[PDB]
Amino acid sequence: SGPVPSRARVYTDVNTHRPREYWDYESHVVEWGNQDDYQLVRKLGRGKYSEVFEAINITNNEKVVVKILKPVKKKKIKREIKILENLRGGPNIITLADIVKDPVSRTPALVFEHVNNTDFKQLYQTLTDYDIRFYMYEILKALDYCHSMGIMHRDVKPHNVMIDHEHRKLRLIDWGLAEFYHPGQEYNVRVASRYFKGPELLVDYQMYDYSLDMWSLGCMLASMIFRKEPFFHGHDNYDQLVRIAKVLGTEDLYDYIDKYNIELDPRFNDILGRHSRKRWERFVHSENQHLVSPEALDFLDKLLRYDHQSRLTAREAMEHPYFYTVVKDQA
Ligand SMILES: NCCCn1cnc2c(Br)c(Br)c(Br)c(Br)c21
């Protein structure tokens, strides 16, 4: 029969009304600079294979971050560069400063503005209830902007959120998985990190949209207010949905599958079972209760929905009572 089609309920046609060159990144011509304008100072990497470095612009002695790109198709290099140029100057979007190639190895690298980041595994333990509301609101500014610009981030997670806590500066980074939204397009479901994958990716529903980012944001919020990182801790993609189903219940999951006529992998038949939708009070205890409030639970519940159409938009999220005090202080 086939799956039922889907369209984003906001910013549906913003790319159609753009000139072709805005979203047709395969035709984008890159102007490569010389990496000899920057001297690498220290590896900021997280693994053996990442190539992120702190560097100095020798011309003006300003601190920057150099990301040496892994060998992927030239299309994906142009896609990330075009998206970074399209979003330049947006709220809490990382600023692309330069694009260079190593003269010897001809390896392409992206140069970004420097952020004095504190890693989330050390920062989140210290965040007050107000800090979480403040930083969630800052992420929502970046998400509403890039969604309004016809772009899905598709890899929202704490590792991709740089925070200068001293200056309360937040930047959304790592746009190498980001894509342009086009109504009716079927996208690859092998995106985002496992613990932040939306149900549509896990059940192989390809006609998704910006609301994928809002599920990932819901996973971040749940880990922060409940002090459980990550919140849905699956062992693989199949077990990831099982972890979700033990919290949100299987009834809404099978309703979601029936509504879009999604063909469920036969492996999910045995492992999913039957589970009720749990109340969020079950995850509250004396170590996290100071971060949990009725406003936080109401907001979180509206992000973590199987049906991507029923999740809050970034704009709707920014108007939730959970952020009333943050909006007041900003004005
Ligand atoms: N844009 C891709 C993200 C790459 N990346 C990895 N770790 C990073 C750190 Br730490 C800082 Br600070 C900055 Br700025 C960037 Br950019 C980082």
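One is the number of the first residue; the rest follow in order along the sequence.
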Rounded distance (nearest 0.5 Å) linking atom [atom1] of [X] with atom [atom2] of [Y]:
{"X": "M224", "Y": "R227", "atom1": "CE", "atom2": "CZ", "answer": "11.5 Å"}
{"X": "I68", "Y": "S50", "atom1": "CD1", "atom2": "OG", "answer": "10.0 Å"}
{"X": "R190", "Y": "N188", "atom1": "CZ", "atom2": "CG", "answer": "8.0 Å"}
{"X": "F268", "Y": "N237", "atom1": "CZ", "atom2": "CG", "answer": "7.5 Å"}
{"X": "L221", "Y": "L297", "atom1": "CG", "atom2": "CG", "answer": "9.0 Å"}
{"X": "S293", "Y": "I225", "atom1": "OG", "atom2": "CD1", "answer": "7.5 Å"}

*Qualifying side chain to side chain donor-acceptor pair (under 3.5 Å) pairs, either residue in residues 241-250, two or more places apart*: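 Every pair satisfying side chain to side chain donor-acceptor pair (under 3.5 Å) with a residue in residues 241-250: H235-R243, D239-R243.
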_Once side chain to side chain donor-acceptor pair (under 3.5 Å) is applied, what residue pairs with a partner in residues 67-77 remain, sequence neighbours excluded?_
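Residue pairs with at least one partner in residues 67-77: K67-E80.
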Can any side-chain N or O of [X] pair as donor or acceptor with the backbone N or O of [Y] at less than 3.5 Å?
{"X": "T313", "Y": "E316", "answer": "yes"}
{"X": "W215", "Y": "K197", "answer": "yes"}
{"X": "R194", "Y": "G234", "answer": "yes"}
{"X": "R171", "Y": "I163", "answer": "no"}
{"X": "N160", "Y": "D155", "answer": "yes"}
{"X": "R311", "Y": "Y306", "answer": "yes"}
{"X": "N288", "Y": "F226", "answer": "yes"}

Taking distance alone, no hydrogens or angles, what donor-acceptor pairs closer than 3.5 Å link side-chain atoms of residues 86-104 to residues at least two apart or in another chain?
residue : atom : partner : partner atom : Å
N86     : ND2  : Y22     : O            : 2.9
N86     : ND2  : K82     : O            : 3.4
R88     : NE   : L96     : O            : 3.0
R88     : NH2  : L96     : O            : 3.2
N92     : ND2  : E138    : O            : 2.6
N92     : ND2  : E138    : OE1          : 2.9
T95     : OG1  : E113    : OE2          : 2.9
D98     : OD2  : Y38     : OH           : 2.7
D102    : OD2  : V104    : N            : 3.3
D102    : OD2  : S105    : N            : 2.9
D102    : OD2  : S105    : OG           : 3.2

*asked:* Are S211 and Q309 packed together at the side-chain level, in the sense that at least one heavy-atom pair is separated by less than 4.5 angstrom?
replied: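 No, side chains not in contact.
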*Which heavy atom of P3 sits nearest a heavy atom of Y205, and at what distance?*
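Answer, listing the atom of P3 first, then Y205: CB-CE1, 4.1 Å.
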*asked:* Looking at every non-hydrogen atom in both residues, tell me the closest pair between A245 and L253 and how far apart they are.
replied: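 Scanning both residues completely, I find the closest heavy atoms to be CB-CD2, 4.3 Å.
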*Where do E179 and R154 land on the salt bridge (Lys or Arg N to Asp or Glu O under 4.0 Å) test, with the steps shown first?*
CA-CA 8 Å; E179 255 288 5; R154 299 199 305 178; 5.0 Å; no
_Quick test of your reading of the model: are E229 and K121 salt-bridged, counting only N-O distances below 4.0 Å?_
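Salt bridge: no.
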*salt_bridge(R168, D131) N-O dist < 4.0 Å*: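 Looking at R168 and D131, the cut-off is met.
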*Would you mind listing the cluster partners of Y11? Hydrophobic ones only (ILVMFWY), side-chain contacts under 4.5 Å, chaining allowed.*
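For the cluster that includes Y11, the remaining residues are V10, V14, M152, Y181, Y187, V189, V191, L201, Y208, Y210, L212.
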*Could you tell me whether the side chains of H167 and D164 share a donor-acceptor contact shorter than 3.5 Å?*
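Yes.
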Could you work out, with side-chain hydrogen bond (donor to acceptor under 3.5 Å, both in side chains) as the rule, every residue matching [X], not counting sequence neighbours?
{"X": "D298", "result": "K302, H320"}
{"X": "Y254", "result": "none"}
{"X": "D129", "result": "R133"}
{"X": "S216", "result": "none"}

_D301: partners by salt bridge (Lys or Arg N to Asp or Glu O under 4.0 Å), with sequence neighbours left out_ =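 By the salt bridge (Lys or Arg N to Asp or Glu O under 4.0 Å) rule, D301 matches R305.
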*Non-neighbouring partners of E51 that pass salt bridge (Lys or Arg N to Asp or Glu O under 4.0 Å), sequence neighbours left out*: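 Applying salt bridge (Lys or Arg N to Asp or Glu O under 4.0 Å) to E51 gives none.
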_Pi-cation contact, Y256 with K259 (under 6.0 Å, within 45°)_ =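 No, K259 and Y256 do not form such a contact.
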*Measure from NZ or CZ of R42 to the centre of the six-membered ring of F53 and say whether it is under 6.0 Å with the direction within 45° of the ring axis.*
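So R42 doesn't make the cation-pi contact.
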_Proximity of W175 and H153 rings by center, below 6.0 Å_ =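 Judged by ring-centre distance (under 6.0 Å), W175 and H153 do meet the cut-off.
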_Just checking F134 against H165, ring centres under 6.0 Å apart?_
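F134 vs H165: aromatic centres not under 6.0 Å.
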Residues 322-331, side-chain donor-acceptor partners within the protein, below 3.5 Å, at least two apart:
residue : atom : partner : partner atom : Å
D329    : OD2  : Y130    : OH           : 2.7
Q330    : OE1  : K141    : NZ           : 3.0

Enumerate donor-acceptor pairs with a distance under 3.5 Å from any side-chain N or O in residues 27-35 to protein atoms, sequence neighbours excluded.
residue : atom : partner : partner atom : Å
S27     : OG   : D24     : O            : 2.9
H28     : NE2  : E85     : OE1          : 3.4
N34     : OD1  : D36     : N            : 3.2
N34     : ND2  : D36     : OD2          : 3.1

*For side-chain hydrogen bond (donor to acceptor under 3.5 Å, both in side chains), just list the numbers for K228 and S223, CA-CA rounded to whole Å, side-chain angles, deciding distance to a tenth of an Å, and then say yes or no.*
CA-CA 5 Å; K228 179 184 173 181; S223 65; over 6 Å; no
